[PDB]
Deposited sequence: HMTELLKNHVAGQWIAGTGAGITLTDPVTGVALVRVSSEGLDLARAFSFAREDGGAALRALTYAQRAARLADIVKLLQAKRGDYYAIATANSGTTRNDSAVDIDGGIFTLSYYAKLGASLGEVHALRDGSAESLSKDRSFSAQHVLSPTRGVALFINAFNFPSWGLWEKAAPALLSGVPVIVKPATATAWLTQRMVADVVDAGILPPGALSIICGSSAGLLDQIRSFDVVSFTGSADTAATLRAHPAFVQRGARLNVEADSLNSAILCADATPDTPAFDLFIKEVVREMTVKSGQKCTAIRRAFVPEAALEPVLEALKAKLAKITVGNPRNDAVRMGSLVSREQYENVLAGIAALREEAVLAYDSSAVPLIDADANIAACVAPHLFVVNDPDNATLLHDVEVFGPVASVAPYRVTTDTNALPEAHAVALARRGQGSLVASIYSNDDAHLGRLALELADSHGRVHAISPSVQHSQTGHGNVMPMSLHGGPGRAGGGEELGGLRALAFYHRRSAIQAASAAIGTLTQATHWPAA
């Protein structure tokens, strides 16, 4: 007898893939959990049923009606959190607090869109801006609208957020009336599949609105057509491979990418060791290094501090990192669990060795015995902190990402903005999801933030006045844009209402006033 083979949901039916499948395992205990397989699926019908029946069914509803369905899904997921936490513990090896980012982060994001969606109203098209006169006598005018794309939304998701990656994307997709096919990363696919199964079993959404495929991705892009959209999250390397596909190069399907990002944290010149902003910086660096063992795309990887502050920074980080206990998330004493897999454990350790060739290791608690875990079975890596004294000439600092509990600190020469050098150094990341900045002076934060804006999708400013209210460097608030230029993928997600454009076509309607009036009665946009 073998572990459960998880079924796919395609063309409105639960269908097992054929063969022995791929086993998912517990990254702490090594226990075999479940299996996945996409072998032998009818991908043509999987895509046609979603596109035709799923799409027609969703578009038949208004925005408000679809939002009401999202609100029902929220209630359902909320009721089954107990099941989800147990899966997260086993499949991902994350502490309860860290699992919560995925599970409760996911639910929060979905609820936010349910609430926002109600404000889109009882219509089948959205109003983009206002009418513009095209005539001296105002007889002829233009009004832009958004209409749902007559395609499917294919989500190729990363291993780190099986729950949040699904709902962050599915909420604006379904709100926009676009049917979803999700393809979660294999290693941690279990939570994704269970959530989809719960939602599908509940019959909240019409048949074809939500489908799931786990296992091999072979054949998926071959089914993508010109009105479909694809949202990919993962490595820059994989993203480039996807971009070459005929689905995009020949058929022009939309593709959003979130990829590698060496996110920066900048300690401002005024934030000296004696000031409150200093402590906030130390706290934020440690949090981002350790939450999910640093396995967030937005985690701080590069921390830039004034030359004068380098030694006190390292000392403070060492002291705080020392309190981070590592091991089995089932133990209450554990502050940080495992990476997602032994494979990731290997990648991360190789990355640490690579960085070490060009950087000094200031902190490494590898020798500390794991709590309730066997170091030889678990995918636990202890926090590692590097120092790069010459970031201008550094060969790896600005280029090599270690997707684990690892970051590098580098001094900058204080100067124009005092932080001008740090801004240039951040820019060397070649485009990032987020930069955070730390100062005692709220009047200083704006100018610095604008200097970072063209190279960072989000700039997150932490200061004493917001010690209790700031929402976290790495946490993605759904009302704010997520994504970044250059290496980070050039993508955009979330940002509240901004998320809808990806799922719509914008059209200019030019017509007599009375025609603009009648088309306008059939649209809505929030005040």
Next item on the list: Point out each run of deposited residues with no C-alpha coordinates, keeping the order of the sequence.
Entry: 416-419, 532
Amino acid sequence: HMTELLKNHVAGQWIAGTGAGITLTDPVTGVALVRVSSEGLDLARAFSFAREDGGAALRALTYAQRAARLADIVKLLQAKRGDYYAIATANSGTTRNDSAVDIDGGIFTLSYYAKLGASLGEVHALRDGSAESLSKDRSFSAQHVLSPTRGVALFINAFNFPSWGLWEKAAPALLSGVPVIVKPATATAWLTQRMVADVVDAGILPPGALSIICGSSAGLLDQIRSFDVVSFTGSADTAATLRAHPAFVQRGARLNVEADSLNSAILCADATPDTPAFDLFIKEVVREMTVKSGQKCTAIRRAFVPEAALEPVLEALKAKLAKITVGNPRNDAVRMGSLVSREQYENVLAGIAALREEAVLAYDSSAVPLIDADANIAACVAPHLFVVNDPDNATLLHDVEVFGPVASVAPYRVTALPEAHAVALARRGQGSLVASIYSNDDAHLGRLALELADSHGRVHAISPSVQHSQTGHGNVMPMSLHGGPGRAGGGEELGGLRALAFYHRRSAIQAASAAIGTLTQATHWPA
From here on, numbers count along this sequence of modelled residues.
Check: On average, are the C-alpha B-factors higher in 302-310 or in 365-373?
Finding: 365-373
Checklist line | Mean C-alpha temperature factor, higher of 437-445 and 340-348 | finding: 437-445
Check: Highest CA temperature factor in the entry: which of 189, 126, 171, 218?
Finding: 218
Note to self: For the CA B factor values reported in this entry, which option in 110, 406, 265, 324 has the top one?
What the structure shows: 324
Notebook entry, point to check: Taking the entry's C-alpha B-factors for this chain, is residue 143 in the lowest, middle or highest third?
Noted result: lowest
Check: Split the chain's modelled residues into thirds by Cα B-factor; is residue 508 in the lowest, middle or highest one?
Finding: lowest
Margin query: Ranking the modelled residues of this chain by C-alpha B-factor as given in the entry, is residue 234 in the lowest, middle or highest third?
Written below: middle
Checklist line | Position of residue 51 among the chain's modelled residues by C-alpha B-factor, lowest, middle or highest third | finding: middle
Next item on the list: Consider only the C-alpha atoms of the modelled residues in this chain, order them by B-factor as the entry records it, and name the third containing residue 166: lowest, middle or highest.
Entry: lowest
